[PDB]
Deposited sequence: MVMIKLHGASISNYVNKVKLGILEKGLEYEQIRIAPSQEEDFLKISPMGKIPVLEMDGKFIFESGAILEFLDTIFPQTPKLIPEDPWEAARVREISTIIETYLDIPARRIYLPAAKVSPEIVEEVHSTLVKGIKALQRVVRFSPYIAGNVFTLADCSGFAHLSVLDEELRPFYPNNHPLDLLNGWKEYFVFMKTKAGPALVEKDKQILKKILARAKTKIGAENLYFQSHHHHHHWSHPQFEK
């Protein structure tokens, strides 16, 4: 509609944005593309990454910037950024811990030495996350926020993608509240659609 979301459902970062869009009840069309280094794509997305949000003939190309922007131009509940400034800091912190300290490192695994080195980094990252999450029932508290966008998109991937490498050792197993949060989020229409599209794509490609 007024909004186009450029990028396939294979991308954690695309799914992050898609979650916030769906929860806001916004009309949008998802354009299913892969990242590209083609000059013409670099004009709208300088690093050649997805997702890219498009609206009013203009583009935003960082998933964080995108959701902060949607938050600002569509300020109605659910507010991706809480009105309470302390609660907002907690939400941004959770999203940053998940992306920078969990996902980035986990992207070394998606060799033996690395698996080991990576497993320890994730354990540390998970023990830190544990200190700021509430899961009551949402990741930062009792309402949906930007942190649920990052949390459901990134952690559902981490958990699944690493269940074979850490069969009895899964770092995310140390995150109290996660399995139950994951189940709860999947009962909601937005995250269920996000998960469905991802599963379809993964059955297709496999």
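Residues of the deposited sequence lacking C-alpha coordinates fall in the stretches 1, 112 to 117, 214 to 242, numbered from 1.
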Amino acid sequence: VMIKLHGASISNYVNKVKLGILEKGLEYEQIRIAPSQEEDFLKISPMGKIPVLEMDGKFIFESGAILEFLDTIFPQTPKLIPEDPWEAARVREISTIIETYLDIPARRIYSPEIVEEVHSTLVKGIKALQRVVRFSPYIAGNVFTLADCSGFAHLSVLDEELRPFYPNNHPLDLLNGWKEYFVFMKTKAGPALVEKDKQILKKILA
From here on, numbers count along this sequence of modelled residues.
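Averaged over CA atoms, B-factors in the entry run higher in 121 to 129 than in the other of 121 to 129 and 88 to 96. Stretches compared: 50 to 58, 158 to 166. Higher mean C-alpha B-factor in the entry: 158 to 166. Ranked by Cα temperature factor within the chain, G151 sits in the lowest third according to the deposited record.
Placement of the Cα temperature factor of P137 within the chain: lowest third of the modelled residues, per the deposited record.
Ranked by Cα temperature factor within the chain, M2 sits in the highest third according to the deposited record.
When all modelled residues of the chain are sorted by CA temperature factor, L80 is found within the lowest third. Residue-level temperature factors show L174 in the highest third of its chain, judged at the C-alpha atom.
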